[PDB]
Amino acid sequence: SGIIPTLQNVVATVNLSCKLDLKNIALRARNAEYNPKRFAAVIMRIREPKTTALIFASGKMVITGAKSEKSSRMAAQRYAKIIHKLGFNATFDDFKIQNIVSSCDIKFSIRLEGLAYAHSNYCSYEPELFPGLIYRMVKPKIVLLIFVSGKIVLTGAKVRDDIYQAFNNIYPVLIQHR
């Protein structure tokens, strides 16, 4: 309670259930780039929703950049469209949100050293290595990046509920350590 979490990224996958000729797809789309020495997939980008899709020869599709589960599924469908136009018997099976990344701002500073001691088991804090504290929650399996700024960043969520469920297990604790 108090404030509301804001989504910054959504990763998802689909199986176009088909063997793709990665090289052909590279030479037929100005918006695709392909570098085997760097990576064994094709990087294709569309403009709206501004996103990025990793395309594997197995027909597996990794999609990032989306700011909602809707955007994600949408841009995912558009990338399939391009494949179909490009000549492959693509389909759209097994769509799945793999990861969500949200952010918050409770507008006040936090005493990281205190939070870290009270929970030395679930979080690692070394300000001579990285700014802020990384806290690993176990129900739900969510990772929180907590900064003195008062800004929070949550990742590892598979469904939006986990964002709320998790950012409501930490607020009480972020209260004590003002």
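Start at 1 and count along the sequence shown; that's the residue number.
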Report summary line: As the entry reports it, the stretch among 46-54 and 119-127 with higher mean C-alpha B factor is 119-127
Requested in this report: Please work out which of 158-166 and 9-17 has the higher mean CA B-factor as recorded in the PDB entry.
Outcome: 158-166
**Report entry** Highest recorded Cα temperature factor - choice among 153, 61, 138, 134
**Finding:** 138
**Report entry** Deposited CA B-factor, highest of 66, 143, 110, 29
**Finding:** 110
Requested in this report: Tell me, lowest, middle or highest third: where does the Cα B factor of residue 85 rank within its chain?
Outcome: middle
Query - Among modelled residues of the same chain, the CA temperature factor third for residue 78 - result: lowest
Query raised in the report: Of the three thirds of its chain by CA temperature factor, lowest, middle or highest, which one includes residue 103?
Result: highest
